[PDB]
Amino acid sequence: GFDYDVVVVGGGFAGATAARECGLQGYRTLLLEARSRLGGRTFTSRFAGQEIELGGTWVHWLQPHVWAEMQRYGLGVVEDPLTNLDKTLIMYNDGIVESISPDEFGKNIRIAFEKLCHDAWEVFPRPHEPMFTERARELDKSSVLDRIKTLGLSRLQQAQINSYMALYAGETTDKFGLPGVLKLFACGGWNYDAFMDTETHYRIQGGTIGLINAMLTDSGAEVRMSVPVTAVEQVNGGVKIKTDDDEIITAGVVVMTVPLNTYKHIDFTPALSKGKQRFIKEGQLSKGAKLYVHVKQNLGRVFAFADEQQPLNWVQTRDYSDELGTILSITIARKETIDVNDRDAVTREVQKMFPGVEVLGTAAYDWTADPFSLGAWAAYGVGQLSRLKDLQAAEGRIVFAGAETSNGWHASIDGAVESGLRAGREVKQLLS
(Lines of atoms letter the chains of each structure in order from A and count residues from 1; the text may use other names and numbers.)
(Lines give C-alpha, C1' and ligand atoms only; values in the text may rest on other atoms or scores of the structure.)
Protein backbone atom coordinates (compact mmCIF):
# COMPACT_ATOMS: atom_id res chain seq x y z
CA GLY A 1 0.00 0.00 0.00
CA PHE A 2 2.46 2.67 -1.16
CA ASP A 3 1.62 6.11 -2.54
CA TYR A 4 2.46 4.84 -6.05
CA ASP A 5 3.29 1.58 -7.78
CA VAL A 6 6.33 3.21 -9.43
CA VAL A 7 8.17 6.52 -9.22
CA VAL A 8 10.30 7.50 -12.22
CA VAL A 9 13.10 9.94 -11.38
CA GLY A 10 13.97 12.16 -14.34
CA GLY A 11 11.94 13.51 -17.26
CA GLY A 12 14.27 13.12 -20.22
CA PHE A 13 13.70 10.49 -22.87
CA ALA A 14 14.59 7.52 -20.66
CA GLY A 15 12.18 8.55 -17.92
CA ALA A 16 9.39 9.57 -20.31
CA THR A 17 9.64 6.21 -22.06
CA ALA A 18 9.60 4.27 -18.77
CA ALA A 19 6.61 6.27 -17.50
CA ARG A 20 4.76 5.63 -20.76
CA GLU A 21 5.44 1.86 -20.47
CA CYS A 22 4.34 1.74 -16.82
CA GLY A 23 1.27 3.94 -17.22
CA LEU A 24 -0.05 1.89 -20.14
CA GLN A 25 0.06 -1.16 -17.86
CA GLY A 26 -2.23 0.61 -15.44
CA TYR A 27 0.39 1.15 -12.76
CA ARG A 28 -0.14 4.21 -10.58
CA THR A 29 2.84 6.18 -11.88
CA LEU A 30 4.58 9.38 -10.73
CA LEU A 31 7.47 11.12 -12.51
CA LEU A 32 9.68 13.53 -10.56
CA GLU A 33 11.79 16.00 -12.58
CA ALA A 34 14.43 18.25 -10.97
CA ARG A 35 14.45 21.09 -13.55
CA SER A 36 11.43 23.32 -14.16
CA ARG A 37 11.18 21.82 -17.70
CA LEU A 38 11.02 18.39 -19.34
CA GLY A 39 13.44 16.99 -21.94
CA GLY A 40 16.61 16.55 -19.90
CA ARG A 41 19.63 16.64 -22.24
CA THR A 42 17.25 17.64 -25.00
CA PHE A 43 15.89 21.19 -24.94
CA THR A 44 13.68 22.65 -27.68
CA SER A 45 13.87 26.44 -27.72
CA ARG A 46 13.61 29.39 -30.09
CA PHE A 47 16.25 31.68 -31.61
CA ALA A 48 16.34 34.20 -34.49
CA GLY A 49 12.83 33.16 -35.53
CA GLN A 50 13.61 29.42 -35.64
CA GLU A 51 12.97 26.44 -33.43
CA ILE A 52 16.34 25.11 -32.22
CA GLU A 53 17.58 22.08 -30.29
CA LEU A 54 20.13 23.06 -27.66
CA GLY A 55 20.87 19.42 -26.73
CA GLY A 56 20.16 16.15 -28.49
CA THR A 57 18.95 16.95 -32.00
CA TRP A 58 19.39 14.39 -34.80
CA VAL A 59 17.87 10.89 -35.18
CA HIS A 60 17.69 8.15 -37.84
CA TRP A 61 15.60 5.18 -38.94
CA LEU A 62 18.57 2.88 -38.29
CA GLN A 63 18.05 3.81 -34.63
CA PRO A 64 15.35 1.27 -33.81
CA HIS A 65 13.83 2.52 -30.53
CA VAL A 66 13.37 6.21 -31.33
CA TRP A 67 12.27 5.30 -34.86
CA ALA A 68 9.58 2.94 -33.56
CA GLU A 69 8.35 5.79 -31.33
CA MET A 70 8.19 8.17 -34.29
CA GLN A 71 6.18 5.53 -36.15
CA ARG A 72 3.82 5.13 -33.20
CA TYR A 73 3.25 8.89 -32.84
CA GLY A 74 3.33 9.84 -36.54
CA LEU A 75 6.46 12.01 -36.46
CA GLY A 76 8.32 12.53 -39.74
CA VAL A 77 11.92 13.67 -40.23
CA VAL A 78 13.05 17.22 -40.94
CA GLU A 79 16.18 17.35 -43.09
CA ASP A 80 19.03 19.74 -42.20
CA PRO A 81 21.25 20.87 -45.13
CA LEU A 82 24.04 18.26 -44.93
CA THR A 83 24.13 17.33 -48.65
CA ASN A 84 25.42 19.37 -51.60
CA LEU A 85 27.65 21.43 -49.31
CA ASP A 86 29.03 24.84 -50.30
CA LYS A 87 32.00 24.92 -47.86
CA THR A 88 33.78 22.23 -45.87
CA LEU A 89 36.45 23.56 -43.49
CA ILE A 90 39.04 22.01 -41.20
CA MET A 91 40.53 24.08 -38.39
CA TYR A 92 43.76 22.52 -37.21
CA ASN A 93 45.07 22.55 -33.65
CA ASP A 94 47.47 25.34 -34.76
CA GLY A 95 44.52 27.65 -35.60
CA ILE A 96 44.77 27.47 -39.39
CA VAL A 97 41.39 27.24 -41.12
CA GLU A 98 41.58 25.48 -44.50
CA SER A 99 38.78 25.20 -47.05
CA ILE A 100 38.70 21.73 -48.65
CA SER A 101 36.80 20.65 -51.74
CA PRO A 102 33.66 19.01 -50.24
CA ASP A 103 34.16 15.82 -52.27
CA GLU A 104 37.76 15.44 -51.06
CA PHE A 105 36.74 16.39 -47.50
CA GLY A 106 34.13 13.59 -47.41
CA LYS A 107 36.48 11.05 -49.02
CA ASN A 108 39.17 11.75 -46.43
CA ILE A 109 36.95 11.54 -43.38
CA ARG A 110 35.47 8.32 -44.78
CA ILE A 111 38.95 6.84 -45.24
CA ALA A 112 39.96 7.86 -41.71
CA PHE A 113 36.80 6.41 -40.16
CA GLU A 114 36.88 3.14 -42.10
CA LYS A 115 40.50 2.67 -41.02
CA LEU A 116 39.69 3.55 -37.39
CA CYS A 117 36.81 1.03 -37.38
CA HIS A 118 38.35 -1.60 -39.67
CA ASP A 119 37.65 -4.54 -37.32
CA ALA A 120 34.11 -3.46 -36.28
CA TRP A 121 32.53 -6.54 -37.94
CA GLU A 122 34.76 -8.97 -36.07
CA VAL A 123 34.75 -7.16 -32.74
CA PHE A 124 31.06 -6.19 -32.69
CA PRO A 125 29.06 -8.72 -34.69
CA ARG A 126 26.28 -8.09 -32.13
CA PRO A 127 26.55 -4.42 -31.10
CA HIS A 128 23.61 -4.72 -28.68
CA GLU A 129 25.75 -7.23 -26.73
CA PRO A 130 28.86 -5.08 -26.35
CA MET A 131 30.99 -7.71 -24.57
CA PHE A 132 29.92 -10.63 -26.81
CA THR A 133 33.49 -11.10 -28.11
CA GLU A 134 36.72 -11.49 -26.19
CA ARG A 135 38.33 -9.05 -28.63
CA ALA A 136 35.99 -6.27 -27.42
CA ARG A 137 37.10 -6.85 -23.83
CA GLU A 138 40.75 -6.88 -24.90
CA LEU A 139 40.33 -3.60 -26.80
CA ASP A 140 38.76 -1.96 -23.75
CA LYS A 141 42.36 -1.49 -22.53
CA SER A 142 42.99 0.99 -25.36
CA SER A 143 41.93 4.57 -26.02
CA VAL A 144 40.88 5.93 -29.40
CA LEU A 145 44.15 7.88 -29.61
CA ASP A 146 46.08 4.62 -29.17
CA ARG A 147 44.43 3.33 -32.31
CA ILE A 148 44.71 6.61 -34.26
CA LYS A 149 48.47 6.53 -33.70
CA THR A 150 48.75 3.25 -35.64
CA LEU A 151 46.71 4.17 -38.74
CA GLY A 152 49.32 6.46 -40.29
CA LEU A 153 46.65 8.89 -41.55
CA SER A 154 47.42 11.96 -43.63
CA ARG A 155 47.48 15.29 -41.78
CA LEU A 156 44.01 16.22 -43.04
CA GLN A 157 42.64 12.78 -42.11
CA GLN A 158 44.25 12.85 -38.66
CA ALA A 159 42.80 16.30 -37.98
CA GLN A 160 39.33 15.28 -39.19
CA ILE A 161 39.11 12.04 -37.24
CA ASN A 162 40.58 13.53 -34.10
CA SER A 163 38.03 16.37 -34.24
CA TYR A 164 35.20 13.87 -34.72
CA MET A 165 36.52 11.70 -31.86
CA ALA A 166 37.10 14.63 -29.47
CA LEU A 167 33.50 15.66 -30.09
CA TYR A 168 32.24 12.17 -29.34
CA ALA A 169 34.40 12.02 -26.21
CA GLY A 170 33.64 15.57 -25.09
CA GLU A 171 37.29 15.36 -24.04
CA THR A 172 40.72 14.86 -25.54
CA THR A 173 40.96 11.57 -27.40
CA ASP A 174 43.70 10.10 -25.20
CA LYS A 175 40.98 9.65 -22.55
CA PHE A 176 38.33 8.25 -24.93
CA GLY A 177 37.64 4.51 -24.79
CA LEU A 178 37.95 2.75 -28.17
CA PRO A 179 35.37 -0.10 -28.08
CA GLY A 180 32.47 2.34 -27.49
CA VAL A 181 33.27 4.02 -30.83
CA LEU A 182 33.60 0.75 -32.71
CA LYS A 183 30.28 -0.32 -31.23
CA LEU A 184 28.49 2.83 -32.39
CA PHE A 185 29.96 2.30 -35.89
CA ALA A 186 28.57 -1.26 -35.87
CA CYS A 187 25.12 0.02 -34.79
CA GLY A 188 25.22 2.17 -37.94
CA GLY A 189 25.37 -0.80 -40.29
CA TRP A 190 29.16 -1.29 -40.07
CA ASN A 191 29.84 1.36 -42.70
CA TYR A 192 30.88 5.00 -42.61
CA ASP A 193 28.23 6.38 -44.98
CA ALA A 194 25.32 4.85 -43.03
CA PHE A 195 26.83 5.75 -39.67
CA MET A 196 27.50 9.39 -40.58
CA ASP A 197 23.96 9.70 -41.95
CA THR A 198 22.60 8.76 -38.49
CA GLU A 199 24.45 11.52 -36.64
CA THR A 200 23.52 15.05 -37.82
CA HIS A 201 21.17 14.81 -40.82
CA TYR A 202 17.51 14.39 -39.70
CA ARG A 203 15.58 16.08 -36.87
CA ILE A 204 12.28 15.04 -35.28
CA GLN A 205 9.22 16.64 -36.83
CA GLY A 206 7.75 18.79 -34.06
CA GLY A 207 10.93 18.60 -31.98
CA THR A 208 12.25 16.46 -29.15
CA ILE A 209 9.83 18.14 -26.77
CA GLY A 210 6.95 17.08 -29.00
CA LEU A 211 7.94 13.44 -28.66
CA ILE A 212 8.52 13.78 -24.88
CA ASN A 213 5.07 15.35 -24.48
CA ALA A 214 3.43 12.69 -26.65
CA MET A 215 4.83 9.86 -24.49
CA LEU A 216 3.95 11.59 -21.23
CA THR A 217 0.41 12.44 -22.34
CA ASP A 218 -0.02 8.85 -23.48
CA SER A 219 1.32 7.66 -20.11
CA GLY A 220 -1.33 9.16 -17.86
CA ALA A 221 1.40 9.56 -15.22
CA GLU A 222 1.39 12.34 -12.66
CA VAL A 223 4.28 14.70 -13.50
CA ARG A 224 5.94 17.07 -11.01
CA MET A 225 8.65 19.52 -12.04
CA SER A 226 11.24 21.42 -9.97
CA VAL A 227 11.33 18.48 -7.55
CA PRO A 228 14.83 17.04 -7.10
CA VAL A 229 15.18 13.66 -5.44
CA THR A 230 18.00 13.67 -2.87
CA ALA A 231 17.62 10.31 -1.12
CA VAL A 232 16.16 6.87 -1.77
CA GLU A 233 15.69 4.21 0.91
CA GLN A 234 14.52 0.61 0.43
CA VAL A 235 12.32 -0.27 3.40
CA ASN A 236 9.10 -2.19 4.06
CA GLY A 237 9.41 -4.09 0.81
CA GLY A 238 9.30 -0.93 -1.33
CA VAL A 239 11.10 2.43 -1.40
CA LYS A 240 10.94 5.79 0.35
CA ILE A 241 11.91 8.70 -1.90
CA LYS A 242 12.98 11.96 -0.25
CA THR A 243 13.05 15.30 -2.09
CA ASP A 244 15.20 18.32 -1.29
CA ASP A 245 12.54 19.82 0.97
CA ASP A 246 12.37 16.52 2.95
CA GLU A 247 8.94 15.37 1.69
CA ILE A 248 8.62 11.58 1.42
CA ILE A 249 6.88 9.61 -1.37
CA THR A 250 6.58 5.85 -1.09
CA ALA A 251 6.48 3.39 -3.96
CA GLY A 252 6.75 -0.28 -4.84
CA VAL A 253 9.53 0.41 -7.38
CA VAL A 254 11.71 3.34 -8.44
CA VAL A 255 13.22 3.86 -11.89
CA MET A 256 16.35 6.06 -11.78
CA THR A 257 17.09 7.85 -15.07
CA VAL A 258 19.25 10.79 -13.88
CA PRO A 259 22.62 11.25 -15.64
CA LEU A 260 25.47 9.23 -14.22
CA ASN A 261 27.45 12.42 -13.47
CA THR A 262 24.64 13.71 -11.21
CA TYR A 263 24.41 10.70 -8.86
CA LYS A 264 26.41 12.59 -6.23
CA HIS A 265 23.19 14.53 -5.40
CA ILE A 266 21.40 11.34 -4.17
CA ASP A 267 21.97 9.24 -1.02
CA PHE A 268 21.02 5.56 -1.31
CA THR A 269 20.07 3.38 1.64
CA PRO A 270 21.40 0.76 1.62
CA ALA A 271 24.45 1.79 -0.36
CA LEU A 272 24.55 0.74 -3.97
CA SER A 273 26.84 -2.07 -5.06
CA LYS A 274 30.59 -1.52 -5.30
CA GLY A 275 30.54 -1.73 -9.10
CA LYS A 276 27.95 1.05 -9.28
CA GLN A 277 29.81 3.20 -6.75
CA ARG A 278 32.93 2.84 -8.91
CA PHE A 279 30.99 4.03 -11.98
CA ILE A 280 29.57 6.95 -9.97
CA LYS A 281 33.01 8.00 -8.72
CA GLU A 282 34.38 7.82 -12.29
CA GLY A 283 31.40 9.33 -14.10
CA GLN A 284 31.31 9.61 -17.86
CA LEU A 285 33.76 11.69 -19.87
CA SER A 286 31.93 14.40 -21.82
CA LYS A 287 32.35 18.09 -20.96
CA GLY A 288 30.64 19.52 -24.04
CA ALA A 289 28.33 22.46 -24.67
CA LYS A 290 26.20 23.67 -27.57
CA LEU A 291 25.75 27.04 -29.28
CA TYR A 292 23.78 28.59 -32.13
CA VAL A 293 25.11 31.72 -33.84
CA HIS A 294 23.23 34.11 -36.11
CA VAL A 295 25.48 35.91 -38.63
CA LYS A 296 24.37 38.49 -41.19
CA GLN A 297 26.06 36.92 -44.24
CA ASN A 298 24.61 33.96 -46.19
CA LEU A 299 27.32 31.32 -45.85
CA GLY A 300 25.18 28.66 -47.48
CA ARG A 301 25.49 25.00 -46.54
CA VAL A 302 28.69 24.65 -44.49
CA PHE A 303 30.33 21.96 -42.42
CA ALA A 304 33.47 22.45 -40.33
CA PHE A 305 35.61 20.33 -38.04
CA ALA A 306 37.93 21.91 -35.49
CA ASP A 307 40.54 19.74 -33.78
CA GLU A 308 40.58 19.27 -30.02
CA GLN A 309 42.77 22.22 -29.01
CA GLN A 310 40.20 24.56 -30.62
CA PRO A 311 36.64 25.31 -29.45
CA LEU A 312 34.19 25.14 -32.40
CA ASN A 313 34.66 21.48 -33.00
CA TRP A 314 31.52 20.61 -35.00
CA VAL A 315 29.83 23.31 -37.13
CA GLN A 316 26.83 22.85 -39.45
CA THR A 317 24.30 25.08 -41.14
CA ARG A 318 20.90 25.06 -39.39
CA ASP A 319 19.36 27.68 -41.74
CA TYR A 320 20.46 30.07 -44.50
CA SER A 321 19.06 32.66 -46.89
CA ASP A 322 19.95 36.03 -48.36
CA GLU A 323 17.23 37.63 -46.23
CA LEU A 324 17.94 35.92 -42.89
CA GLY A 325 21.70 35.45 -43.12
CA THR A 326 22.95 32.22 -41.52
CA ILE A 327 22.26 30.28 -38.35
CA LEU A 328 25.20 28.04 -37.39
CA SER A 329 24.77 25.05 -35.10
CA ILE A 330 28.03 24.49 -33.17
CA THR A 331 28.85 21.65 -30.82
CA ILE A 332 31.76 22.21 -28.43
CA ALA A 333 33.69 19.20 -27.19
CA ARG A 334 35.23 20.81 -24.05
CA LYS A 335 33.60 23.71 -22.25
CA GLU A 336 37.08 24.67 -20.95
CA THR A 337 38.04 25.78 -24.50
CA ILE A 338 35.40 28.49 -24.67
CA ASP A 339 32.84 30.12 -22.38
CA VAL A 340 29.78 29.69 -24.57
CA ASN A 341 27.97 32.26 -22.37
CA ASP A 342 30.62 34.94 -23.07
CA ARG A 343 29.42 36.63 -26.25
CA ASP A 344 32.73 38.37 -26.97
CA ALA A 345 34.76 35.15 -26.82
CA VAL A 346 32.14 33.52 -29.05
CA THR A 347 32.33 36.25 -31.69
CA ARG A 348 36.13 36.11 -31.65
CA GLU A 349 36.12 32.35 -32.23
CA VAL A 350 33.40 32.45 -34.90
CA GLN A 351 35.37 35.06 -36.82
CA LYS A 352 38.56 33.03 -36.40
CA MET A 353 36.70 30.29 -38.27
CA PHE A 354 34.79 32.61 -40.68
CA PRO A 355 36.78 35.88 -40.96
CA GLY A 356 34.65 38.86 -42.03
CA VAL A 357 31.29 37.81 -40.56
CA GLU A 358 29.31 40.02 -38.17
CA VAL A 359 27.57 38.24 -35.29
CA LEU A 360 23.94 39.26 -34.86
CA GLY A 361 23.24 36.96 -31.93
CA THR A 362 23.86 33.73 -29.99
CA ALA A 363 21.99 31.13 -27.97
CA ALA A 364 24.02 28.76 -25.85
CA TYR A 365 23.61 25.94 -23.38
CA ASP A 366 26.41 24.91 -21.03
CA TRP A 367 25.46 21.30 -20.36
CA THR A 368 28.60 20.74 -18.28
CA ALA A 369 27.80 23.53 -15.79
CA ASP A 370 24.09 22.62 -15.42
CA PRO A 371 23.69 20.76 -12.08
CA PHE A 372 21.16 18.28 -13.55
CA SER A 373 23.44 17.07 -16.38
CA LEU A 374 27.03 17.86 -15.25
CA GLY A 375 28.24 16.83 -18.68
CA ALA A 376 26.85 16.25 -22.16
CA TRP A 377 26.22 12.98 -24.11
CA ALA A 378 27.43 9.71 -22.63
CA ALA A 379 31.11 9.08 -23.36
CA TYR A 380 32.97 6.11 -21.87
CA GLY A 381 36.57 6.34 -20.66
CA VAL A 382 39.07 3.52 -20.99
CA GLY A 383 37.92 0.27 -19.43
CA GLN A 384 34.35 1.44 -18.68
CA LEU A 385 32.35 -0.40 -21.39
CA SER A 386 33.68 -3.70 -19.97
CA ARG A 387 31.88 -2.94 -16.73
CA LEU A 388 28.60 -1.65 -18.22
CA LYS A 389 26.57 -4.45 -16.61
CA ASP A 390 27.45 -3.05 -13.15
CA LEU A 391 25.59 0.14 -14.08
CA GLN A 392 22.68 -1.69 -15.75
CA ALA A 393 21.99 -4.08 -12.85
CA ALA A 394 18.88 -3.55 -10.76
CA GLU A 395 19.46 -3.22 -6.99
CA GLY A 396 16.48 -4.62 -5.10
CA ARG A 397 13.45 -2.51 -5.97
CA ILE A 398 15.47 0.21 -7.75
CA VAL A 399 15.67 0.01 -11.53
CA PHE A 400 18.36 1.95 -13.41
CA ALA A 401 18.08 3.50 -16.86
CA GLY A 402 19.35 6.43 -18.90
CA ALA A 403 21.38 6.50 -22.10
CA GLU A 404 24.65 5.72 -20.26
CA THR A 405 23.06 2.35 -19.30
CA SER A 406 21.89 1.36 -22.78
CA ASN A 407 23.59 -1.31 -24.90
CA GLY A 408 23.22 0.22 -28.35
CA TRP A 409 23.19 3.97 -29.27
CA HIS A 410 24.45 5.06 -25.85
CA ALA A 411 25.43 8.57 -27.00
CA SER A 412 21.94 9.24 -28.41
CA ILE A 413 18.27 9.78 -27.76
CA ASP A 414 17.80 6.23 -29.00
CA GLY A 415 19.84 4.73 -26.16
CA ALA A 416 17.74 6.65 -23.65
CA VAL A 417 14.51 5.28 -25.18
CA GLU A 418 16.04 1.77 -25.23
CA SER A 419 16.85 2.01 -21.52
CA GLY A 420 13.32 3.23 -20.81
CA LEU A 421 11.78 0.22 -22.58
CA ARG A 422 14.08 -2.05 -20.59
CA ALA A 423 13.07 -0.22 -17.42
CA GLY A 424 9.38 -0.74 -18.06
CA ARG A 425 9.92 -4.46 -18.65
CA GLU A 426 11.86 -4.67 -15.37
CA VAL A 427 9.12 -2.82 -13.43
CA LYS A 428 6.58 -5.30 -14.79
CA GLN A 429 8.83 -8.12 -13.60
CA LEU A 430 9.18 -6.58 -10.14
CA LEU A 431 5.43 -5.96 -9.74
CA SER A 432 4.40 -9.54 -10.76
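When you see a residue number, it is the position in the sequence shown, counting from 1.
- As the entry records it, the average C-alpha temperature factor is higher for 339-347, out of 220-228 and 339-347.
- Averaged over Cα atoms, the B-factor as recorded in the entry is higher for 43-51 than for the other of 396-404 and 43-51.
- Set against one another, the Cα B-factors of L360, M215, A306, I330 in the record reach their highest point at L360.
- Which of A112, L75, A271, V258 has the largest Cα B-factor in the deposited entry comes down to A271.
- Among the modelled residues of its chain, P127 has a C-alpha B-factor that falls in the lowest third, as given in the PDB entry.
- Ranked by C-alpha B-factor against the other modelled residues of its chain, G188 falls in the lowest third.
- Among the modelled residues of its chain, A159 has a C-alpha B-factor that falls in the middle third, as given in the PDB entry.
- For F195, the recorded CA temperature factor ranks within the middle third of the chain's modelled residues.
- When the modelled residues of the chain are ordered by their C-alpha B factor, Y263 lands in the middle third.
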